[PDB]
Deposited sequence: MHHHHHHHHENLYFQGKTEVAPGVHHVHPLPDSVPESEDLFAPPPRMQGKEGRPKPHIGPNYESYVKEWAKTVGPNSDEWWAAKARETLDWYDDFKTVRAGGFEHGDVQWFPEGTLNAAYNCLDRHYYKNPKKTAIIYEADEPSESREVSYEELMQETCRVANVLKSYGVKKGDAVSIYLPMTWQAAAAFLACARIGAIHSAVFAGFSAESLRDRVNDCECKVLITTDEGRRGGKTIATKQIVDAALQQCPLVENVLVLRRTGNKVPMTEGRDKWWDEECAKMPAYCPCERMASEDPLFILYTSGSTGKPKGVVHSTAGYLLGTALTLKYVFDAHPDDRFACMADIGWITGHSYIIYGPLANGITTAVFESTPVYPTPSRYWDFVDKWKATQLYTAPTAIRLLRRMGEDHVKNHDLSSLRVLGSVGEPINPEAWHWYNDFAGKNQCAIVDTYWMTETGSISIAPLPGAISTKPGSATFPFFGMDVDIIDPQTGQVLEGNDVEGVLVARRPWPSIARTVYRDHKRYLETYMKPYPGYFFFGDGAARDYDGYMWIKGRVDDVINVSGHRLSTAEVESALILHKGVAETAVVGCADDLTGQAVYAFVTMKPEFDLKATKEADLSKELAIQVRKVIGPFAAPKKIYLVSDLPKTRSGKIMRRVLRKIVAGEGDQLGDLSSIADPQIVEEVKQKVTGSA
């Protein structure tokens, strides 16, 4: 075969994982929405793509969401000019679908499990309570002159009221723009200025992992350079003294106390913007309303097999698209219970996730490979002595999951009784693009497997621009047709949207990731196109080399970048982090580096073996867990003085250590 699976210590013949009994309708669990095999996935998927898929999408849109006005047209527009339309004539409101309609059915049902930074302060928030808070905030925003179509910046940490702030904007047709709490004043300023908002919602302080985030202090520094912001609504999360500017700044509780606990919903067109979400100039990805909401609702239902009484635990942050789609919009649109997790995976101890799961009997868990590798690094004593049997689906999002970490997830979090859904997508796709349906698909460690409903993906040969038909092909991932939750533009920069996604391969949407489809038709997304390394004509994905390195005992996490080489074009350079227990005296660093290189050579080939290996205490990462290989690539290339605004990455101090180790 030309395409190989991501390196794994398990033989390929023993590495296929059928839906386990918890996902077979056994063990008293709900029967899966799609099952029990691959063909059941294909039979339904075939209804969602192609020239006769309007019927399926029209029915799903009308069955899944409540509409004030019906639509007539299912879809129109396309990539070339960026005029994608779905259900254009219909009207709806996201807050109505995420709150009102469920409150009218079961007001006391839990909407949010609020897992506070300190475990003792966690509590359940009913749909009634969440709706009331959302309506109060919406009324406050209207009193500030916020109109349909106005942008509102949100700089809130992971307290449950973040959901109320999102949905209060959606309720009145405002466009919320959420910024990770803890982003520097500079990063906040750039995003507040770009969306041209006049109102900002924030906290006095945030709490995360027992640390205080001085949000109001950061807001005050940023707003000195944000001339349009005239109103700041400040949630009293900690109660510590913070500055408050007379007139501009008001307290959330004092303002909401003046307002009624119900607010009508603004009737939104399907294509009215729902939010702007900046990714790392800052790129404001814009999603509209109906198509995005439908995509998050359908993917949540089908990829995680969500049922009415499920308790869904997405442990990400609402500053990330993962939090937009699979904390707030998806779970609440489905009317189930969703977790707002305010802490870190290791506060107070690395048992936190699992204490949380057993306390609330979470039925699905969704996190990132960085968190899985972090907990794997800390040892099994924190997870082994838990129940965790309420879980039946474990999800991974953010980057390729190394098969080694996949197995740890499968073995310890799931006890070999959960389906693992490796979900590939992007901020720009709105909802999950490629993922196993857990009641249907037998999984391979490291493979997203098959495309979701409405996603028709192909592999293009970047040297020819042509689609590679069939299986056992490798290249760059593209999508053939629009899908309902695709981002509609980049805020006030449609040209950047067209040039980034629609022009590289005309006729297609360009994801920016390298991908392969193996002989069984499974899709493998193996890293960013910009991270590919070419050694003596061999094209290397980051995931395959990083997956080989972690097979060595004691390795916690690695990142590989290319460095120019006069004789091989590029050479692989690897940054490697070891588990805390690994003794760098019994195995001197030079001996360990040799073993790591040998391991890569045996599993991939000599061309992939790192020419140099740097042992570091940690890797530069974004708040969401992405490993910033561009930073490492520029440091190795001697361009460490031209890196840009890294002030809001997870730990800026790590960039200095890496610079020292390389020098």
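Unmodelled segments of the deposited chain, in sequence order: 1 to 24, 305 to 308, 692 to 694.
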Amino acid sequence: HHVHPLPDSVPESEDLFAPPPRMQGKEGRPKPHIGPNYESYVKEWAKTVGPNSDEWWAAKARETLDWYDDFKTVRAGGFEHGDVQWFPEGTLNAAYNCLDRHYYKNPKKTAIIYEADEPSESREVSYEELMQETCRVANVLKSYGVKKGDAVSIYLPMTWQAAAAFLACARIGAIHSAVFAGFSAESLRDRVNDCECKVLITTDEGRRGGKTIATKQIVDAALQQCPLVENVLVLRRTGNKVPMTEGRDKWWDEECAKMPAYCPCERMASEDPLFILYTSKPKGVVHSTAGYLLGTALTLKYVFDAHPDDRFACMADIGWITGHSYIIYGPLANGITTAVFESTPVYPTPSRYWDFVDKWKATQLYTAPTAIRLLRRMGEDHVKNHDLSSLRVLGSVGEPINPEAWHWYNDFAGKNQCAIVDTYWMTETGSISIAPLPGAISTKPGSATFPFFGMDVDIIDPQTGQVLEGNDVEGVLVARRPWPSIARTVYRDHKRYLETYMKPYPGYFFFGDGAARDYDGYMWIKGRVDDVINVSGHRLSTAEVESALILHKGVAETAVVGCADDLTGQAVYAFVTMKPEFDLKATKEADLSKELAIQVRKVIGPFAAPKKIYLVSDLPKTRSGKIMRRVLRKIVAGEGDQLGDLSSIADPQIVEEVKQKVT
From here on, numbers count along this sequence of modelled residues.
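Only the largest set of C-alpha atoms that superpose within 1.5 Å between the two forms is called the rigid core.
Once the rigid core is used to overlay the structures in 5 other deposited structures of this protein, the stretch among 556 to 564 and 429 to 437 whose CA atoms lie farther from this form is 556 to 564. After a core fit, the C-alpha atoms in 5 other deposited structures of this protein lie farther on average from the shown form in one of 533 to 541 and 518 to 526, namely 533 to 541. Missing-residue comparison: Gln24 falls in the unmodelled set for none of the other PDB entries checked, so it is not missing from a third of them. Of the other structures of this protein that model both sides of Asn52, every one gives it coordinates; not a third omit it. In this entry, 358 to 366 has the higher mean Cα B-factor, the comparison being between 423 to 431 and 358 to 366. Stretch comparison (78 to 86 versus 200 to 208) by mean CA B-factor in the PDB entry places 200 to 208 on top. Highest C-alpha temperature factor among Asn402, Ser184, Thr587, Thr338, as the PDB entry reports it: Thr587. Considering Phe607, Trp67, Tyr38, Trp57 together, the PDB entry gives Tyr38 the largest C-alpha B factor.
Per-chain ranking of the deposited C-alpha B factor places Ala597 in the lowest third. Ranked by Cα temperature factor within the chain, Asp150 sits in the lowest third according to the deposited record.
Sorting the modelled residues of the chain by their CA temperature factor places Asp493 in the lowest third.
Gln570 sits in the lowest third of its chain by CA B factor, as recorded in the PDB entry. In this PDB entry, the Cα temperature factor of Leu130 sits in the middle third of its chain's modelled residues.
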